[PDB]
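Here are two versions of the same chain, shown separately as C-alpha cells and labelled structure 1 and structure 2.
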Structure 1
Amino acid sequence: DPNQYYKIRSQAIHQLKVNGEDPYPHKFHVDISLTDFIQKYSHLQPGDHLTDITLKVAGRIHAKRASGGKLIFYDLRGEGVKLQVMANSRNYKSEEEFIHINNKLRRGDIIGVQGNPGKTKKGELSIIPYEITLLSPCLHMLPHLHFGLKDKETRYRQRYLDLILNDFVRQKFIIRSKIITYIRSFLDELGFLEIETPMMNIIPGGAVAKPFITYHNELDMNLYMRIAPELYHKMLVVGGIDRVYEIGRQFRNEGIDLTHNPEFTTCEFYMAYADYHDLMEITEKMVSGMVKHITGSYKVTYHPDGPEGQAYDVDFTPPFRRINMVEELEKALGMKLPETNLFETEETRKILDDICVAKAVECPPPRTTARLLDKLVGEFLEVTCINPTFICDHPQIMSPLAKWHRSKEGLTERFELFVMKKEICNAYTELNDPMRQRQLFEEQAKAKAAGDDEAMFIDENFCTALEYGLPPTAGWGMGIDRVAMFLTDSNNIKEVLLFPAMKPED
C-alpha cells in the first residue's frame, strides 16, 4: 500500500529506532539563521564554492529533486525564507553515508545541514552539505499544493499546516504582535500604567451581554468571567493612579460573525482630568502612527469581499474627519430631526418610525427609541466612512453611561472611530456622580433581572468607590482584532485569531 504513507513511515522510523539509530537528536548546534545566511552569502558569483567556510543551518525540507544517483537537491524553508541544499556525494563525507542519509530524507522532514556555502551554475544560492543530520521526521504526507492551501476548514483546524504551507499567515501574526507592541509603547510613553484586573469577577453586574458562568469548587458558588474591565479601572483611578491601561481578553457568550468572536482582545485605558475632546487627538496620533509604522504608507488597501471583490483605498492622514451625528443625520435624511430635548418622548419615537418606514429601513418588531435610531445611523451615517471618521456626541437614548453635554442638552459625550464601516475605537467621558450612577445601575439591574432579583446585577462595591470621589476622567476602548483585520487586508476575524474555536469533528 504505497498510498498509505503514514504506516510505511512509522514502520521505517520504528526500524530506525530499533536499529541503533536515533531519529530525534536532543540538540543541534545551529550557527546561523537562514535569513542571515541569505543576506550574507548573496554576493557570490554563480558556480562558486566557499570550501573554507563551514556553517550549520536547520529547516524543513519542502522539495526533493533528484538529478541523479549522486546529486539530490533539497529546499530548506524556515524563517519564511528558502535555501537550496545541493547534495553532492563527491563533497560528502563518504558515498555510503551519502546513500544512507539520502534514503531516509523525505519531503517535510526537519534536518540539520552542515556544509559550505556556494552557488550553482544557474546562480541559485545553496549550501553544499558535509553531514546531513535528521532532526525530526515528518510521518504524515505533506501535500505539494501550489498557490498555497486554500481550504478554510483545514487552515483553521490545523494552524501548523497553514503556517507550513502558506507564508502570509506568519506576516499577519507578526503584524498583530507589532500592533500590540506599538500600543504598549505609546501608552507607556504617555505615562500610563499597565494593570491586570481580575478576569473572574464575583457577580454578573448590569451587562445585557451573556456571561460565561463558571463554578468554583472550593467557594461552592458560581463565578462569571470578565465582560469589561471598566469597573476595576475606575476603582483604581479613585485610588490615585490617574492613568491606567490594560490589553486583556474579554469574554462575551454571544454569536460568532465575521467581525465578532466570543473571546477577543481589547485595549482599555482611563485617564483622569480629561474628556473625549482631549481623547480624539490621542486616538488620531495612535492610529496614524500605527499605520505609518506597521506599514510604509498612510494609505492601506482593503478588500471587504475577498481578493476578487471590490478594493477600497483607505487613507490614514492624521486629520481624521469629525462629524456630529445629529447634524449629519439631519442632512442625510434631509429633514429636521426632533430637538434632543424631546427625544425621551413618544412623538419622537413615532416620527422616527415614520422615517424608518419612508426611508426603507428594517427593524425588529421591538422598536424602542434607541434601536431604530441606531438603525438609521447604520444605513445613513457609517455606511459612507471608508476613511477613518470620528462620530461626535450620540443621543442619550443610545447609552446613558456618559456625562451630560456641557452645552447641548440630552446628548451623551462620546465618540466612535469608524474605519471601513466598522468601529474600532470607542471613548466616553466618565460619569462620576454617585447618585446618577446608582440610578443607572438600578435601572440596568431591573432590566437585566429575570424576576425579583436585585444587587446581583449591581456592583455595590463599585458604587461605594464612587462615593469616595472619582475625578473627571475619560475611558477609551479599541478592538485589537478589528484593527488587525484592517491592517492585514483580512475580512474574517478567524484569520487573525491564532487558534480559532472549532467544533469537534467527531
Structure 2
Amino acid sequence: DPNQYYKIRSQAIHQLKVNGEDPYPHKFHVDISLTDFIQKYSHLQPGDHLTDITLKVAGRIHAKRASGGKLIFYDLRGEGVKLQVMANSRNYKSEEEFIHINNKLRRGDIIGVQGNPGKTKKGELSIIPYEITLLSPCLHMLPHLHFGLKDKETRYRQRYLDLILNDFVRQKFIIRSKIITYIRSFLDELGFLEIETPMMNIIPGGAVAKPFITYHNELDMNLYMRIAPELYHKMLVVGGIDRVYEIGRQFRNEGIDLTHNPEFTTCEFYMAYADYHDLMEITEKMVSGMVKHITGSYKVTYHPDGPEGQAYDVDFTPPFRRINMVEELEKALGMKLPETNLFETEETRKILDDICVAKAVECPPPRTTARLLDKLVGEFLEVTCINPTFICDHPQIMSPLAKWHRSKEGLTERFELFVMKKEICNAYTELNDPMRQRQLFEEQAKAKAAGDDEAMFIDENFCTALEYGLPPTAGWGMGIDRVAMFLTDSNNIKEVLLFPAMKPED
C-alpha cells in the first residue's frame, strides 16, 4: 500500500534503532566528491577495476536495479552529477553483510559508499563498493517521475523535492548567486563601499507603496519595514562617503501574483559628482559584462510565454540603444504634443486623454496626465524594447526627488533600461535642494493623506541632512529578481526564489 509506505518504513527504522543499528551515524569521512571522482576516473576503459584505489563518496540513491541476487546497481546523485554503484557480492566484505545492507536500502536514501573505481562492460563509470553505509533513510516514497516533477504546487511549497527531482533548479539558483556576486565585484572594483541600512523605519514615508507595520514593545511604538534604502544612502553621501551601494531586501504589503512578492532583493548605489548620463555607461558595462560572464555570450534566448511560446533573441552588445521619450513618442504617434513646460496644465492632460482614447489605451480611473502619458509610453514604446534600450528623459509628473532638466524644463533627469519590454534598471540625478525637497515631500504627504491630518509621511531627519549640503550626486537602482528571471529563462518570479510566499492552504 503506497499510503502506508511511510509508516512501514518508520517501523523498519525503529527496529534498526532498537537492535543497535543506528541509521543516523554522526560522521562519514567523504574522501572525494562525485564531480571530482567523475573528472578523475572518466578515462577508464570499459571493464576496468582499480582494485588498488579505495575511495569514500556519499550521496542519495535515485535508482535501484537488481540484476541478480548478488548484483545490484544504485544511482548515487549529488552535486548535480550521477554516479553508478555496482554492489557485487564477490567484491563485498561478506555475503551476509551484502544481503543485510541490500535488504535495508530503498530509493531516496542517503548512503556513503567505500570502494574502488571502475567501469562496467557497457562503459559506465561506477564504484564497486567494499562497504555501503546507510546515513539517512528516506521515510517517504520518492516518485520515479520521468521528465521531472511538473506540478507547480509542490515545486514551490516543497523546494527540497523540486531540487531532488528537478536539476535545472540548482542551475537557476547558481545563476542568481553568480549575478549577485558579479554585481558586488563590479561595484567594489569601481571603488564603492557596501553598507547596511536599517530595515525598520520609524516613519513609513510619503510613498504610495503599502508598508509592513510592526510593533516594538520595549520602545512602545510601531515600526515600518523598508521600502527603499534611498534616504539613508543620501544621508551617508551627505556624510562624506561619495560612492555607496547596497544589495538588500525591500518589503511591500501588496498582493502576491506571478511577478510580485512581499519581499524582494534590489540593488541600489549612489555616487557623488555625477549624473544619469554618467551612469548610462556604467549601466552598459555592468549589464553587458554580466550577460557575457553568465551566459558566455552577448545573445540571450528568452521565452516570455513558457517553452511552448514565442522565443525572443535579445542582444546585449555594449552599445545599447538610447531614445528620448518626447522625440520617440512624437515619431511613434506621428502628431506633436504640447511643450513640456505646460505638462501640469489641464489642457495638456485633456489633449493627451483624447488621443489615448482615440488609441484605446485604457487607463486607471485617475485620469491625470501622468497615468495617460505612462500608459502611452508602455503601449507604444516598451513594445519595441526587446533588446536593451535606454529611455532617456521623463516628464517631472511621474518623477519626484529627481533634479530638473539641465536645458529642458518640466523634464526630470532620469533614464530607464528596458529589456524584453520590462524595466530592469533606473537611475536619477539627485535633488539636493532642501527647499524643493521639502516642498515635494509636503505635497506628496498631503497627496498620500488625501484629506487626512497629514503632518506625516515625511523625514525631518532627511530634510535636516540636506540642509547641511548634499553634493550633486546620482542614484541607480535595479531589480535583481527580474534580471535573474531574464537570465534563467523564467517567466515566473517564484522560479528564481528559493521559498516564494504562497497562499495558505485550506
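All residue numbers here refer to structure 1's sequence, counted from 1. Here the rigid core means the biggest group of C-alpha atoms that line up within 1.5 Å when the two forms are laid on top of each other.
Only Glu454, out of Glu443, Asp31, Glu454, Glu467, shows a C-alpha shift of 2 Å or more between structures 1 and 2 on alignment of the rigid core. Residue displacement note: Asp257 has its CA displaced by at least 2 Å between structures 1 and 2 (rigid core superposed).
Taking the core as the fixed frame between structures 1 and 2, we note the C-alpha of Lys359 moving 0.9 angstrom.
Superposed on the core, the two forms differ at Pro400, whose C-alpha moves 2.6 Å between structures 1 and 2.
Taking the core as the fixed frame between structures 1 and 2, we note the C-alpha of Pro204 moving 1.1 angstrom.
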